[PDB]
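Take a look at the structure set out below.
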Amino acid sequence: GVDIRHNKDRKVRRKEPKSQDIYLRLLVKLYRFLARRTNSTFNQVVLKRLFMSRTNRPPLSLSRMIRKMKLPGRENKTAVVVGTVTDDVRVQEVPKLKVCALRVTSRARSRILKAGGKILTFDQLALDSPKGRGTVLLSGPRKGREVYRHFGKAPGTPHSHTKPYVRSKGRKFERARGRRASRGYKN
Amino acid sequence: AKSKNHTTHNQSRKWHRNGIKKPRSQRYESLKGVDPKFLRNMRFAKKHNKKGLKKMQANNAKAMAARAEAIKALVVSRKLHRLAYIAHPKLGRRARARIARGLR
Amino acid sequence: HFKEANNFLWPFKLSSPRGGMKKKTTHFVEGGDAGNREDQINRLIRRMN
Amino acid sequence: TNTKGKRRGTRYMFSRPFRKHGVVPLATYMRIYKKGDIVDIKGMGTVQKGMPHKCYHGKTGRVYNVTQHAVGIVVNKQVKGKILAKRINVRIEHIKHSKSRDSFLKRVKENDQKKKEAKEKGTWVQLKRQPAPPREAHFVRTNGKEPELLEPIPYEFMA
Amino acid sequence: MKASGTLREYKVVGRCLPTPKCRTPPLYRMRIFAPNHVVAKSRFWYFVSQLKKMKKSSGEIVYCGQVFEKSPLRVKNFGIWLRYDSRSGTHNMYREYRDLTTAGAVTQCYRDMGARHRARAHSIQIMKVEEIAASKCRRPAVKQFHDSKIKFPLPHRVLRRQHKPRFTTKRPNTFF
RNA sequence: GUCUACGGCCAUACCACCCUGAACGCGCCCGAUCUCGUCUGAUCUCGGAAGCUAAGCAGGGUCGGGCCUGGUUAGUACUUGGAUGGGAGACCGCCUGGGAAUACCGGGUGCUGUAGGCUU
RNA sequence: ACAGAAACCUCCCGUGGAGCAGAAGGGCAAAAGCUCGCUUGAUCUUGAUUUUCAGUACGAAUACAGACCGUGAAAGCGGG
RNA sequence: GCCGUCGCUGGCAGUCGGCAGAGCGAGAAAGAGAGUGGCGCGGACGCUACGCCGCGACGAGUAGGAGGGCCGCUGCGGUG
RNA sequence: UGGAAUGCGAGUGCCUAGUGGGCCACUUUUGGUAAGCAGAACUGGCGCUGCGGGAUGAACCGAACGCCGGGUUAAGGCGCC
RNA sequence: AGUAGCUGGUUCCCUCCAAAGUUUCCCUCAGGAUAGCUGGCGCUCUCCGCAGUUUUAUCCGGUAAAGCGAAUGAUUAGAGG
RNA sequence: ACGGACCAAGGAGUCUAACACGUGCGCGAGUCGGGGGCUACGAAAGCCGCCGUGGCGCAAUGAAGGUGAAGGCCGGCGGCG
Ligand SMILES: [Mg+2]
Ligand SMILES: [Mg+2]
Ligand SMILES: [Mg+2]
Ligand SMILES: [Mg+2]
Ligand SMILES: [Mg+2]
Ligand SMILES: [Mg+2]
Ligand SMILES: [Mg+2]
Ligand SMILES: [Mg+2]
Ligand SMILES: [Mg+2]
Ligand SMILES: [Mg+2]
Ligand SMILES: [Mg+2]
Ligand SMILES: [Mg+2]
Ligand SMILES: [Mg+2]
Ligand SMILES: [Mg+2]
Ligand SMILES: [Mg+2]
Ligand SMILES: [Mg+2]
Ligand SMILES: [Mg+2]
Ligand SMILES: [Mg+2]
Ligand SMILES: [Mg+2]
Ligand SMILES: [Mg+2]
Ligand SMILES: [Mg+2]
Ligand SMILES: [Mg+2]
Ligand SMILES: [Mg+2]
Ligand SMILES: [Mg+2]
Ligand SMILES: [Mg+2]
Ligand SMILES: [Mg+2]
Ligand SMILES: [Mg+2]
Ligand SMILES: [Mg+2]
Ligand SMILES: [Mg+2]
Ligand SMILES: [Mg+2]
Ligand SMILES: [Mg+2]
Ligand SMILES: [Mg+2]
């Protein structure tokens with residue numbers, strides 16, 4: 001007998017998309033080859049994200065793409081997001097971008113194209129940038145979800161700003177005892 | 001009926017299954033709990049940092065100039081050694097040619 | 001570079017001692033096998049290697 | 001069961017040593033504590049204010065807050081299977097500068113000088129400590145004296 | 001210590017580790033009867049520890065070597081002074097043996113002390129071993145071999161080859 | 001050699017008794033108008049300078065007590081880990097490491113910071 | 001002097017062998033004890049922390065911070 | 001030796017063939033580079049890429065969790 | 001000159017069942033005359049676990065288990081069974 | 001189809017991982033909630049960090065032992081005033 | 001210790017609602033026609049857009065009255081200095 005524990009032998013991580021989409025898997029076949037047969041780590045990172053679930057592929061807003069693509073030294077680079085590029089009405093002027101995404105919302109396409117920009121698909125990025133050169137990989141906010149408001153210390157513990165689960169919000173719904181010193185205590 | 005009252009048997013075995021992890025350490029700790037009077041002034045010190053912004057640039061450039069100026073003035077066995085030299089792919093490239101040329 | 005050269009080697013998987021042992025449950029100086037037997041390890045290594 | 005009293009079991013821990021009672025030497029109050037310092041916590045029963053809790057007696061922490069009379073200490077406390085970084089307020093009577101790091105700071109200064117000085121002299125000096133090595137071969141002179149013969153002594157019932 | 005096989009006599013020399021106070025500590029020697037040298041050094045540290053403020057950590061073995069018998073082809077009488085612990089006390093004994101090697105006489109002592117007193121070798125401390133002249137021996141079992149014209153037969157010679165043959169037609173003879 | 005003021009560590013500095021104290025100090029000391037406080041100018045407070053080292057205080061002494069520090073006690077007592085060791089047990093021995101404390105014997109008897117004096 | 005084992009006065013020794021509400025343990029000697037003088041920090045207020053702990057509540061406690069104060073010559077000490 | 005699991009988040013799209021040229025396992029970064037001047041008509045298998053291939057380690061299990069079933073039963077839409 | 005040795009890839013987040021009668025052994029240990037008694041500390045076990053030895057046996061000793069061939073062992077043994 | 005913190009039962013294969021009888025609160029003691037122990041899903045990186053270990057420094061402690069011609073408490077015998 | 005003499009067939013985590021997290025798909029600061037209407041399988045499917053009323057999301061906070069989500073520099077002027 002060998003003295004070893006086996007509870008961590010099997011690493012939990014995706015080796016392929018749970019999705020049965022045949023176009024997603026054709027991209028995965030494409031980038032499986034590129035990740036394997038090139039020394040580019042950009043190809044490996046993209047390949048990994050094609051496996052990621054919906055909540056691990058947050059949408060990237062148009063405003064956030066412009067903000068990150070406006071930083072110095074990022075001119076004439078291709079913005080690459082493995083996800084959906086949503087539109088941000090709060091933006092007034094859209095510059096000329098060159099983006100690659102899995103999806104682009106209908107209204108974000110017109111705005112990007114109307115400004116002279118170009119919208120690629122991940123099969124077109126491979127022909128344009130086989131190794132990922134001249135790219136700017138971008139991600140949507142991962143903690144941008146209502147669920148992360150509810151995680152952490154339980155709401156009834158000191159300095160716990162967690163959001164509770166209440167059916168309705170109002171004066172009659174979990175505000176009396178434990179949330180003010182006047183009723184029992186507060187923390 | 002009566003039952004067992006208390007024990008800690010098996011407890012250090014459970015504690016160590018996921019390890020007794022030490023607390024996480026960050027290079028910046030929270031200012032929670034520090035003296036309110038001292039924290040009030042520290043905020044005031046930060047609040048007016050920008051007042052001496054121009055002065056800092058002048059000294060830094062001046063300090064850089066002096067720093068750059070000072071720099072600009074200032075600037076086992078002999079057989080096994082030989083063999084280890086020849087066997088080096090780069091260094092012994094010519095030496096390996098010499099023995100090959102002579103061999104022919 | 002003993003540390004690197006030694007950790008590079010996998011732990012040697014030796015066979016059971018051919019000829020048996022005296023008593024694994026007591027020290028060498030007690031007529032057993034455990035502990036430091038100094039150069040007498042070589043006799044053991046021959047029977048296990 | 002036991003009681004949950006704050007000072008249960010501190011009969012000897014917080015008592016003063018033998019013939020060391022009475023006034024507290026004032027140099028205890030003249031020490032300078034700065035943020036980041038390492039201090040050994042040791043409850044002194046003469047002063048009952050700002051007493052550290054018994055679980056912190058004999059632990060070593062780090063100063064993070066300094067007030068008129070006390071300091072804030074970040075000190076690890078193990079409760080069951082986890083270790084918590086705890087923040088305690090302790091009057092400066094019940095602490096002392098830890099000398100555990102002083103040996104290190106002394107070594108850093110010595111290391112840097114040797115590193116600096118050796119660099120200008122083009123030599124490689126050892127900087128890392130090492131565990132005690134097995135002692136090297138040597139000769140033992142007999143000086144013309146035969147080694148003393150020892151024998152076991154007979155038993156005697158010196159009862 | 002386990003008195004395994006025939007013991008050997010070892011000469012072990014040790015000392016305190018030199019220190020600033022005493023740059024050259026004195027040397028001590030011991031006669032150790034043991035199975036091997038690794039055991040011999042171990043028992044040395046057990047004896048000097050009992051006599052001196054010394055132990056393996058604060059001392060070293062200067063010399064360990066086997067002392068060979070000086071007259072292996074000559075018969076001698078040995079006197080062995082030893083102390084041992086019984087189930088209910090400690091005792092000093094003087095014993096005599098007839099052998100060719102001093103280490104053989106000591107091995108006879110351990111097997112004999114085990115036989116006659118159920119004494120395990122970890123309770124026996126051999127203090128002294130001397131070669132003794134026939135005139136100075138005390139034990140009647142040893143003195144009866146001090147006879148220049150000694151003679152005796154071998155009565156009732158037991159058959160030791162009792163399974164070759166295992167079955168035979170003739171009964172053995174014990175007279176020769 | 002040393003003191004005065006303020007100290008740090010807080011007996012190697014304490015306690016008992018004896019001897020000796022140049023100079024300057026520190027004192028004892030002489031008074032109660034004022035400040036101040038008492039049953040009491042004893043103490044405290046105030047104003048002084050005839051006298052004295054008697055005492056405090058300083059240095060030294062004692063086969064001094066204490067205290068500090070070593071030796072011995074002792075590789076002893078105790079102890080971490082080991083054995084299909086012993087013994088009916090009580091307990092004990094050994095292997096691998098750590099390792100005390102009395103009695104008893106010796107040595108020592110304040111060091112020192114800041115400022116200011118005295119000592120040809 | 002009455003006055004005695006024990007009343008009150010005086011001198012000396014006295015490391016606490018007393019006292020500090022109470023159980024015990026700890027702490028304490030120009031004090032934390034005893035006696036006087038002035039007083040109400042046992043007041044108003046927001047956070048942090050400790051103890052039990054689930055790192056929840058209460059209870060109790062610790063450092064601060066902001067006001068009003070007391071006391072002291074003052075340093076300071078005090079929000080039971 | 002064989003089975004499975006885990007790991008190398010390992011290798012294979014290069015079956016680039018007469019519009020040809022057979023390599024990228026090798027101690028030690030980066031090109032089997034491009035150019036400018038001084039007779040036969042032939043050459044296995046493979047690759048359901050959810051596939052195929054290699055190398056190394058490992059394998060107890062109640063309560064309990066998870067995965068995979070070209071395991072099994074009945075009915076519906078397609079298909080054979 | 002990543003500033004002791006040794007070994008090892010780590011960090012982090014959600015959701016979560018069963019459990020919440022335990023019991024045994026070395027050492028330490030409370031009550032009791034003691035108990036295969038009641039109650040604790042430490043570690044290791046049985047429970048959840050087969051296998052070689054202890055004739056037999058929850059826990060002892062050895063040793064932990066995919067299906068096999070050869071070899072060698074542990075604790076234990078070698079009159080016959 | 002009353003309720004049952006209680007008794008009994010709960011139906012195919014293989015593979016992988018694998019407990020608890022402990023903390024606190026509860027008219028709580030045959031039960032729950034709670035933390036712990038488990039599993040699953042991942043994700044963020046990697047090819048500095050960490051450790052049921054030692055070493056070197058440095059603190060903490062009042063048990064084993066020892067002491068009682070040392071304090072407290074208990075206690076035997078003489079001896080000199 | 002309890003159930004089990006034997007054989008066949010039957011025999012026990014389901015369905016509705018709510019909630020939580022995970023995963024897959026659609027669209028995306030929006031999204032959803034579920035109620036209503038129009039136009040054998042078909043009680044299906046298709047459509048509506050001045051049918052998006054309405055739900056959830058896009059704003060929090062306070063008991064409430066209510067309020068309700070960056071600033072810096074330049075020049076000039078009035079006041080204090
Ligand atoms: Mg295995
Ligand atoms: Mg397992
Ligand atoms: Mg697992
Ligand atoms: Mg219970
Ligand atoms: Mg053989
Ligand atoms: Mg054992
Ligand atoms: Mg004079
Ligand atoms: Mg007077
Ligand atoms: Mg005098
Ligand atoms: Mg003396
Ligand atoms: Mg002096
Ligand atoms: Mg006072
Ligand atoms: Mg205040
Ligand atoms: Mg298994
Ligand atoms: Mg029991
Ligand atoms: Mg069970
Ligand atoms: Mg288990
Ligand atoms: Mg088992
Ligand atoms: Mg038996
Ligand atoms: Mg076999
Ligand atoms: Mg029912
Ligand atoms: Mg019914
Ligand atoms: Mg019940
Ligand atoms: Mg109740
Ligand atoms: Mg039951
Ligand atoms: Mg105790
Ligand atoms: Mg005792
Ligand atoms: Mg029943
Ligand atoms: Mg029946
Ligand atoms: Mg059936
Ligand atoms: Mg979802
Ligand atoms: Mg119909």
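A, B, ... follow the sequence lines: proteins, then strands. Residue 1 opens every chain. Worth knowing before you read on, the calculation uses all heavy atoms, side chains too, and leaves out hydrogens, waters and symmetry mates.
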Nearest-Å distance once atom [atom1] is located in both [N] and [M]:
{"N": "G:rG26", "M": "G:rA65", "atom1": "P", "result": "35 Å"}
{"N": "J:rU44", "M": "H:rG54", "atom1": "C1'", "result": "31 Å"}
{"N": "J:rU34", "M": "I:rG20", "atom1": "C1'", "result": "11 Å"}
{"N": "F:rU72", "M": "F:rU102", "atom1": "P", "result": "13 Å"}
{"N": "H:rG10", "M": "H:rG1", "atom1": "P", "result": "26 Å"}
{"N": "F:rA74", "M": "F:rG93", "atom1": "P", "result": "15 Å"}
{"N": "F:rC18", "M": "F:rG7", "atom1": "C1'", "result": "33 Å"}
{"N": "G:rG79", "M": "G:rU43", "atom1": "P", "result": "10 Å"}

Mapping E:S123 and E:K56 onto RNA chain F by nearest heavy atom, which one lands closer to the 5' end? E:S123
Sorted by position of nearest nucleotide on RNA chain F, 5' first, the leading residue of C:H27 and D:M30 is D:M30
By the 4.0 Å heavy-atom rule, please label [X] as base, sugar-phosphate, or nothing.
{"X": "D:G72", "result": "nothing"}
{"X": "C:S16", "result": "base"}
{"X": "A:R180", "result": "sugar-phosphate"}
{"X": "D:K119", "result": "nothing"}
{"X": "A:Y165", "result": "sugar-phosphate"}
{"X": "D:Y56", "result": "sugar-phosphate"}

Under 6.0 Å from the six-membered ring centre of D:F104 and within 45° of its axis: does the NZ or CZ of D:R101 meet both? no
Considering just the side-chain nitrogens and oxygens of [X], establish if one lies under 4.0 Å of OP1 or OP2 belonging to [N].
{"X": "D:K82", "N": "G:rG55", "answer": "yes"}
{"X": "B:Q11", "N": "J:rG21", "answer": "yes"}
{"X": "A:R14", "N": "K:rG24", "answer": "yes"}
{"X": "B:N10", "N": "J:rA20", "answer": "yes"}
{"X": "A:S19", "N": "K:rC25", "answer": "yes"}
{"X": "D:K96", "N": "J:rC60", "answer": "yes"}
{"X": "A:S106", "N": "K:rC27", "answer": "no"}
{"X": "A:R10", "N": "J:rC41", "answer": "yes"}
{"X": "D:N65", "N": "G:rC64", "answer": "no"}
{"X": "B:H6", "N": "J:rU22", "answer": "no"}
{"X": "E:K55", "N": "F:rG99", "answer": "yes"}
{"X": "B:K14", "N": "J:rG21", "answer": "yes"}
{"X": "D:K86", "N": "G:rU50", "answer": "yes"}
{"X": "A:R5", "N": "H:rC58", "answer": "no"}

Torsion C1'-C2'-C3'-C4' of F:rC68, interpreted as north if positive, south if negative: north
D:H97 and D:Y33 aromatic centres sub-6.0 Å: yes
Would you write out the dot-bracket form of RNA chain K, 5' to 3', with Watson-Crick and G-U pairs under 3.5 Å, [ ] for crossing pairs, | for pairs to other strands and . for unpaired bases? .............................(((..((((.......)))..)..)))...((....))..............
Positions of residues 24-37 of chain A (non-hydrogen atom under 4.0 Å from RNA chain K), listed by number: none
5'-most contact on RNA chain K: A:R57 or A:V85, nearest heavy atom basis? A:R57
Check whether the six-membered base rings of F:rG41 and F:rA42 have centres under 5.5 Å apart and planes under 30 degrees, and report yes or no. no
Using the six-membered ring wherever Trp is involved, compare the ring planes of E:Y84 and E:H91 and label them parallel, tilted or perpendicular (cut-offs 30° and 60°). tilted
Output yes when A:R111 and A:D87 qualify as a salt bridge under the 4.0 Å nitrogen-oxygen rule, no when they do not. yes
Pair A:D88 + A:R90: basic N to acidic O under 4.0 Å: yes
Under the criterion of centre distance below 5.5 Å and interplanar angle below 30°, is A:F151 classified as stacked on the base of I:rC14? no
Please verify, for [N] and [M], whether Watson-Crick or G-U wobble pairing holds with both distances under 3.5 Å?
{"N": "J:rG49", "M": "I:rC8", "result": "yes"}
{"N": "F:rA100", "M": "F:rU43", "result": "no"}
{"N": "F:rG31", "M": "F:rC46", "result": "yes"}

So for C:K3, does its side chain get under 5.0 Å from major-groove atoms or from minor-groove atoms? major
Rounding to 0.5 Å, atoms CZ (C:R47) and OG (C:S15) come to a distance of 11.5 Å
